[PDB]
Amino acid sequence: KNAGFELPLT
Amino acid sequence: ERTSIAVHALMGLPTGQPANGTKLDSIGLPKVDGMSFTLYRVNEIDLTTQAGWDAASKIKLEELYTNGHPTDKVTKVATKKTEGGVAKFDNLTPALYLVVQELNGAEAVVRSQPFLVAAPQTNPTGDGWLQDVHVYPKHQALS
């Protein structure tokens, strides 16, 4: 994944 | 050119589905209209250069969220209310956007936990950068 932050909520 | 963050308002927790940090087909279940969200920019962090994601990646919710509320480690950007279950932000300069759901309103629904997303985001293949970031944060209903 590398890039990203914290958006586990879909 | 400029970057933009699209937040799709959704109600209810996932039904046995895995967390997806990318674009996914919209469920289209009843969305919460008149939902309040605000963007906060994290200082000292610039998604303009490669070094930016490294420093940002080392960010701890502890710094942006410790006493259950944001600290001086964030900068006020703008507050807008999602209408029609969809919200969109434009004229975004490379950095880090943080979305916080305001308690105000949402009587039949309980405030869900906030989420953070860097902008712009690299392409799935890591080649180039994407000008638009898509997010599908769900809300937690009351009872």
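Cβ coordinates were reconstructed from backbone atoms using ideal geometry, including for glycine residues, and neighbour counts include every protein chain displayed. Each value in this text was obtained by applying a stated rule to the coordinates, not by laboratory testing.
Observations on the structure shown:
- Residue check for B:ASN104: free of Cβ contacts under 8 Å to residues at least 60 places away in the same chain and assigned to a loop (DSSP other than H, G, I, E, B): no
- The stretch B:107-120 - residue that is assigned to a loop (DSSP other than H, G, I, E, B) and not hydroxyl-bearing (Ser, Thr, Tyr) and, of those, farthest from the other protein chains (Cβ to nearest Cβ): B:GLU107
- Number of residues in the stretch B:88-106 that are within 14 Å of another protein chain (Cβ to nearest Cβ) and either of a type in the set (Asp, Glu) or farther than 23 Å from B:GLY34 by Cβ (or both) equals 3.
- Some residue of the stretch B:21-36 being under 15 Å from the mean Cα position of the chain (by Cα), surrounded by 11 or more Cβ atoms within 10 Å (Cβ to Cβ) and more than 10 Å from every other protein chain (Cβ to nearest Cβ): yes
- Filter pass, B:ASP127 being assigned to a loop (DSSP other than H, G, I, E, B) and in contact (Cβ under 8 Å) with a residue 12 or more places away in the chain: no
- For the stretch B:46-89, filtered to residues that are touching a residue at least 60 places away in the same chain (Cβ under 8 Å) and not in a helix (DSSP H, G or I), the residue that is surrounded by the fewest Cβ atoms within 10 Å (Cβ to Cβ) is B:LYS88.
- On inspection, B:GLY52 passes the criterion of being farther than 25 Å from B:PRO14 by Cβ and more than 15 Å from the chain's Cα centre (by Cα).
- Selected residue (criterion: farthest from B:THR79 (Cα to Cα)) from residues of the stretch B:8-45 that are in a loop (DSSP other than H, G, I, E, B) and among the hydroxyl-bearing types (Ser, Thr, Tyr): B:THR15
- Looking only at the stretch B:65-83, residues that are closer than 21 Å to B:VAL133 by Cα and either within 14 Å of another protein chain (Cβ to nearest Cβ) or touching a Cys at 6+ places or on another chain (Cβ under 9 Å) (or both) come to 1 in all.
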